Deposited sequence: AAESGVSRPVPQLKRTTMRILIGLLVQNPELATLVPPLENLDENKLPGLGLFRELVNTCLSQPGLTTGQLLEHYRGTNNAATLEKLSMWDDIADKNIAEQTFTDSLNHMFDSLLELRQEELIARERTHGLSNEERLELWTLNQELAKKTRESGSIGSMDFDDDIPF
C-alpha cells in the first residue's frame, strides 16, 4: 500500500512498462536536486533507452546492488498502477505534472532572485511568462 505521488507514478509505471521510456523527452539538463525522485527516473529512462525491449525483470536486474534496488522492487509490485489499459495515459498525464512542478519551482526561484539580485531581461520576460500561465511508506519521493 503506497500513496500516489507524481514521481512514484512515473517510476512505477516505467518499471512495470519499460516501453514507456520512449515517451520521455530529454531530461539531461534538469537539476535532479530540485525534485525528489527525478534523478532515479532519469537513470531508469536512460537504462531503457540504452537497451530497447527490456523486460521489468531485466530492468530490475540492471539495478541490483544499487541503493535504489529495494525501492524499485516495491514499485514493481505496486498493484495500484497495474492496469495496462490506462497506463500510457496515466504516464503522460504525470509527465506533464512533473514539468508543471518544475515550472512552479522556477517561478519561485526567479521571484527570490529578483529580490536578491535583480533580473536580466531574459529572466524578467521568463518570470512574466510564468506569471501569465499561472494566472490563466518509506519511498523518499
Note to self, deposited ranges with zero CA coordinates are 1-11, 148-161
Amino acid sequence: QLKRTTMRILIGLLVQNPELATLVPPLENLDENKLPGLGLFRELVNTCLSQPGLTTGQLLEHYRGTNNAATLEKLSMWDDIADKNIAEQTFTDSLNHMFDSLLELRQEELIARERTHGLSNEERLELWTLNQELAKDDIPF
From here on, numbers count along this sequence of modelled residues.
For the C-alpha atoms alone, is the average B factor greater in 104-112 or in 23-31, going by the entry?
23-31
Mean C-alpha temperature factor, higher of 85-93 and 48-56:
48-56
Among all modelled residues of this chain, ranked by Cα B factor, put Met98 in the bottom, middle or top third, i.e. lowest, middle or highest.
lowest
